[PDB]
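Chains as they are written, first to last, in the authors' numbering: chain A, 54 to 217; chain B, 54 to 217; chain C, 2 to 64, 68 to 232. Ideal Cβ placement from N, Cα and C applies to all residues, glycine included. This report concerns only the one structure given below.
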Amino acid sequence: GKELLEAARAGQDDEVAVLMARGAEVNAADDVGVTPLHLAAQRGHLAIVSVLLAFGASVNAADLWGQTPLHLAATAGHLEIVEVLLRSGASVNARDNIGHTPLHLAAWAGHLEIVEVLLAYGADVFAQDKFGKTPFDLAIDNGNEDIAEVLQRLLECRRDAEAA
Amino acid sequence: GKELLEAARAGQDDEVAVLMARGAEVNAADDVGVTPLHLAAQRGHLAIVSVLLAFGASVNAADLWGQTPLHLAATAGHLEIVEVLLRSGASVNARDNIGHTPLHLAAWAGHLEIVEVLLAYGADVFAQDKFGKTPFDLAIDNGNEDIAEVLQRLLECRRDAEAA
Amino acid sequence: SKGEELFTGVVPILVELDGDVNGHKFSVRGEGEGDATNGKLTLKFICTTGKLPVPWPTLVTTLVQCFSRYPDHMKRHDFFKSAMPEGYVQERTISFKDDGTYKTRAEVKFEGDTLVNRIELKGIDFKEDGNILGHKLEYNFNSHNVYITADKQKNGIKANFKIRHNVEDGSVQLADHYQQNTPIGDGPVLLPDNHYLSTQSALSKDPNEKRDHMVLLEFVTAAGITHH
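And the structure:
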């Protein structure tokens with residue numbers, strides 16, 4: 054019941070396999086809403102995420118803070134986890150409590166290939182947040198240089214396409 | 054890999070789910086055509102059968118002697134294995150090289166409840182084999198008492214229904 | 002600079018506030034997690050003394069600026085992680101416009117492997133029909149900038165900013181802040197340059213809770229030295 058989450062936090066993959074052979078609920082949250090998938094999504098653990106996903110798991114489970122596994126895997130920088138999470142039906146337009154999308158966090162941290170993946174899977178550029186800023190703004194006021202470059206390319210492409 | 058068959062042969066559950074957490078082919082045969090599912094079907098485990106089945110496995114894979122997991126689980130006497138094998142789409146009318154059905158072997162060994170289950174899952178009574186004998190014959194020449202009674206009940210019911 | 006290197010992963014945070022406002026005492030115990038690599042704070046606070054007398058948005062700034073994201077070319081200006089793991093002391097005087105004031109003293113330091121922040125708060129001169137303790141403040145919080153400069157006389161930093169709190173009727177109550185951060189260790193620290201720190205946050209509530217509480221998510225970064 055409760056010694057599952059401990060083994061996901063801790064990187065104990067063999068203990069996860071042992072608990073999944075026996076009866077154990079993958080969808081368990083302790084005090085805040087947080088899942089073994091959430092915990093193996095913060096720290097890269099591609100093996101534990103894949104085995105929790107193959108046994109069936111809530112791919113889009115709401116944290117108490119509104120976060121889903123995709124938000125944590127986009128914030129951290131693990132590309133392979135983001136690929137296997139997106140291929141399994143995760144939503145690319147899920148919102149944070151501040152209003153952030155996964156693309157907002159990927160532009161905030163400064164990972165390039167994760168932005169290229171989220172752009173290739175249906176994330177939109179000029180979606181506001183609750184304080185009113187787009188991912189281009191977060192890219193420019195945080196010293197990220199080439200994230201802002203491909204975002205400015207997409208904005209100019211849309212604007213020049215509308216001008217005709 | 055080839056370390057998996059030792060794992061199921063042993064009864065080592067934890068070492069089966071560890072090898073399955075890694076990349077491992079469930080459909081592996083060493084010298085004779087025999088599968089980790091076949092090995093956990095000869096001896097009795099419910100746990101390895103269920104974890105090998107959840108990871109996807111050929112439920113009815115022909116042994117060199119023509120046996121499938123259902124034949125071995127009907128000869129041995131493991132009822133829960135027969136229930137979980139039948140619920141997973143195993144064929145009840147697979148034939149042996151000598152011509153036997155799972156009902157033939159269940160009548161030969163003398164398990165009553167396995168006969169009642171296979172009768173409830175679509176096995177027929179008066180199906181011949183290559184030497185020409187029905188399960189009722191095996192029941193009468195092997196000291197099984199109530200098996201012959203429920204088989205003769207079904208045979209007489211079918212014959213008297215045809216008589217009108 | 003080992004104190005900088007120890008923030009490399011997630012750090013669990015516990016915070017305890019013993020406050021007394023006009024003789025009315027209360028406690029706030031908060032627990033949560035923080036990521037200093039990407040300036041993220043996820044916290045949850047509970048009042049262990051019954052109903053809270055003061056609205057939550059006034060207490061958020063009292064309730068760990070060592071979890072602010074500094075970019076690489078500004079790693080030369082990070083004072084807070086330099087003062088670890090010994091800790092430091094923060095002194096704040098909070099001036100509420102046309103109301104009373106707060107005076108708060110805090111210590112921020114590691115206990116075991118958990119960053120604790122202890123805080124003693126004293127609030128005076130508030131009028132009993134004032135919008136603070138008349139519970140007229142709105143449950144939302146805004147983005148802000150905080151201006152920071154050095155102080156070699158106390159070997160720490162001086163900090164100022166000004167918060168706009170949201171009222172029901174659209175009005176805005178302003179609170180000014182004065183703050184000194186001085187270490188308790190005697191070793192070397194980083195004396196920073198004149199710059200500022202940007203902050204976004206969000207306040208919410210837990211669905212299955214019966215005590216008085218708050219759930220907080222926060223993002224903080226630093227800027228001003230716009231070098232290439």
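*Is it true that the CB of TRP118/A sits closer than 9 Å to the CB of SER208/C?*
Mapped onto the third sequence, residue 208/C falls at position 204. Mapped onto the first sequence, residue 118/A falls at position 65. Contact flag set, yes.
*Compare the C-alpha of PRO122/A against each of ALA162/A, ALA81/A, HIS91/A and name the closest.*
Taking the first residue of the first sequence as position 1, residue 122/A is located at position 69. Between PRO122/A and the set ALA162/A, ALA81/A, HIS91/A, the nearest pair of CA atoms involves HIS91/A.
_Start-to-end residues for the beta strand (DSSP E) that takes in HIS169/C_ = In the third sequence, the residue the question calls residue 169/C occupies position 165. Where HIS169/C is concerned, the enclosing beta strand (DSSP E) stretches over 160-170.
*Which same chain residues, not among the five before or five after residue 1/C, have their C-beta less than 7 Å away from its C-beta?*
The structure shown does not extend to residue 1/C, since chain C is modelled only from 2 through 232, so no value can be given for it.
*Among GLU198/B, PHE179/B, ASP67/B, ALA217/B, nearest to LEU207/B - alpha-carbon criterion*: Translated into the one-based positions of the second sequence, residue 207/B becomes position 154. Nearest to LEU207/B by C-alpha distance, out of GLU198/B, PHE179/B, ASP67/B, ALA217/B, is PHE179/B.
*With 9 Å set as the bound, which would you pick, yes or no: does the beta-carbon of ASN113/A sit closer than that to a beta-carbon of chain C?*
Taking the first residue of the first sequence as 1, we reach residue 113/A at position 60. Not one chain C Cβ lies under 9 Å of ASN113/A.
*Interface flag, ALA37/C vs chain A, CB-CB below 9 Å*: Within the third sequence, the letter at position 36 stands for residue 37/C. Not closer than 9 Å to any Cβ of chain A, the Cβ of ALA37/C fails to qualify, so no.
*Under a Cβ-count criterion, where at least 16 other Cβ atoms within 10 Å of its own Cβ denotes burial, should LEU125/A be classed as buried or exposed?*
Residue mapping note: residue 125/A aligns to position 72 of the first sequence, counting from 1. Label assigned to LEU125/A: buried.
_Contacts that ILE134/A makes with chain C (C-beta to C-beta distance below 9 Å)_ = For the purposes of this step, residue 134/A is taken as the residue at position 81 of the first sequence. Those within 9 Å of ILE134/A in chain C number zero; the least Cβ separation is about 16 Å.
_Cβ contact check for the region 180-199 of chain B and the region 152-165 of chain B: 3 or more pairs under 8 Å_ = yes
_Is it the case that the region 66-76 of chain A contacts the region 68-85 of chain B, given that we only count it when at least three CB pairs across the two stretches are under 8 Å?_
yes
*Using only alpha-carbon positions, find the residue among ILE101/B, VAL135/B, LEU57/B, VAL102/B that is nearest to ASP83/B.*
Numbered from 1 along the second sequence, position 30 holds the residue referred to as residue 83/B. Of the candidates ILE101/B, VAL135/B, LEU57/B, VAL102/B, the one whose C-alpha sits nearest the C-alpha of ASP83/B is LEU57/B.
*For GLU166/B, I'd like the list of residues in its chain whose CB is within less than 8 Å of its CB, leaving aside the five on either flank, ordered along the chain.*
Within the second sequence, residue 166/B is the residue found at index 113, counting from 1. Here the set comprises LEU132.
*Residue ranges of each beta strand (DSSP E) run of no fewer than 3 residues wholly in the region 90-177 of chain A, ordered along the chain?*
Secondary structure in the region 90-177 of chain A: no beta strand (DSSP E) run of 3 residues or longer lies completely within the stretch.
*Close Cβ partners of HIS81/C (< 6 Å) along its chain, the five nearest in sequence each way excluded*: Locating residue 81/C in the third sequence gives position 77, where the first residue counts as 1. So the list reads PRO196, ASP197, once near-sequence residues are dropped.
*Could you work out which residues of chain A lie near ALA93/B, taking near to mean beta carbons separated by less than 8 Å?*
The residue given as residue 93/B occupies position 40 in the second sequence. Neighbours of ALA93/B on chain A: none; closest Cβ ~13 Å, over 8 Å.
*Can you say whether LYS107/C is buried or exposed, counting buried as having 16 or more other CB atoms within 10 angstroms of its CB?*
Numbered from its first residue, the third sequence carries residue 107/C at position 103. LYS107/C is exposed by the Cβ-count criterion.
*Would you mind telling me which residues of chain B sit closer than 8 Å to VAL104/A, beta carbon to beta carbon, in chain order?*
Position 51 of the first sequence, counted from the start, is the residue given in the question as residue 104/A. Per Cβ cutoff of 8 Å: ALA74.
*Using a C-beta to C-beta distance shorter than 9 Å, which residues of chain B count as neighbours of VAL71/A?*
Along the first sequence, one-based indexing puts residue 71/A at 18. Going along chain B in sequence order, the residues near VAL71/A (Cβ under 9 Å) are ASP66, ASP67, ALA70, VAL71.
*Around the C-beta of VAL176/C, are 16 or more other C-beta atoms found within 10 angstroms, so that it is buried, or is it exposed?*
One-based indexing of the third sequence puts residue 176/C at position 172. Counting every other CB atom within 10 Å of its CB across the protein chains shown gives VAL176/C a total below 16, marking it as exposed.
*Go ahead and label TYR92/C buried or exposed: buried means 16 or more other beta carbons lie within 10 angstroms of its beta carbon, across all protein chains shown.*
Residue mapping note: residue 92/C aligns to position 88 of the third sequence, counting from 1. It is buried - the Cβ of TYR92/C has at least 16 other Cβ atoms within 10 Å.
*Among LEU119/C, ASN159/C, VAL29/C, which has the Cα closest to the Cα of residue 287/C?*
Here chain C covers residues 2 to 232 and nothing more, so residue 287/C does not appear.
*Which word fits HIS77/C, buried or exposed, when buried means at least 16 other C-beta atoms lie within 10 angstroms of its C-beta?*
What you label residue 77/C is simply residue 73 of the third sequence in a count that begins at 1. Result: exposed.
*Any beta-carbon of chain C closer than 9 Å to the one on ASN80/A?*
Here residue 80/A is taken as the residue at index 27 of the first sequence, counted from 1. So, not an interface residue.
*Apart from the five residues on each side of it in sequence, which residues of its chain come closer than 8 Å, Cβ to Cβ, to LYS101/C?*
Reading the third sequence from its first residue, position 97 is the one you call residue 101/C. Result list for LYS101/C: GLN177, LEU178, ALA179, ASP180, in chain order.
*Whole-Å CB distance - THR225/C paired with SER72/C, under 8 Å assumed*: The residue you call residue 225/C lines up with position 221 of the third sequence. The residue you call residue 72/C lines up with position 68 of the third sequence. Confirmed, Cβ separation roughly 7 Å.
*In the DSSP assignment, what residue or residues form a beta bridge with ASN185/C?*
If you number the third sequence from 1, residue 185/C lands on position 181. DSSP output for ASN185/C lists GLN94/C, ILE161/C as bridge partner(s).
_Assigned exposure category for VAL102/B - 16 Cβ within 10 Å defines buried_ = Sequence index remark: in the second sequence, residue 102/B carries index 49 (1-based). By the 10 Å Cβ count, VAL102/B comes out buried.
*Determine the closest residue to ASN113/A out of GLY97/A, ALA100/A, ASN80/A, with distance taken between C-alpha atoms.*
Taking the first residue of the first sequence as 1, we reach residue 113/A at position 60. Among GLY97/A, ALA100/A, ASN80/A, the Cα nearest to that of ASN113/A is on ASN80/A.
*Quick one: is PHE189/A near chain C, going by C-beta distance under 9 Å?*
Along the first sequence, one-based indexing puts residue 189/A at 136. No Cβ of chain C is located within less than 9 Å of the beta carbon of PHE189/A.
_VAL87/A, buried or exposed, once every other Cβ within 10 Å from all chains shown has been counted against 16_ = Position 34 of the first sequence, counting from 1, holds the residue named residue 87/A. When all chains shown are included, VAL87/A counts as buried.
_Span separating the alpha-carbon of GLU34/C from that of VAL16/C_ = Counting from 1 along the third sequence, the entry for residue 34/C is found at position 33. Counting from 1 along the third sequence, the entry for residue 16/C is found at position 15. Between the alpha carbons of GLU34/C and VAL16/C lies a gap of roughly 11 Å.
*Using DSSP with H/G/I as helix, E/B as strand and the rest coil, what is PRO188/B?*
Residue 188/B sits at position 135 when you count from the first residue of the second sequence. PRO188/B falls in the helix class under three-state DSSP.
_Short CB-CB distance (under 9 Å) between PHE179/B and chain A_ = Locating residue 179/B in the second sequence gives position 126, where the first residue counts as 1. By this cut-off, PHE179/B is not an interface position.
*Exposed or buried, what is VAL219/C when buried is set at 16 or more other beta-carbons lying within 10 Å of its beta-carbon?*
Position 215 of the third sequence, counted from the start, is the residue given in the question as residue 219/C. Buried, because 16 or more other Cβ atoms sit within 10 Å of the Cβ of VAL219/C.
*Taking the C-alpha atoms as reference points, what is the distance between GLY174/C and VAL61/C?*
Indexing the third sequence from 1 puts residue 174/C at position 170. Indexing the third sequence from 1 puts residue 61/C at position 60. Between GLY174/C and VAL61/C, the C-alpha separation is close to 20 Å.
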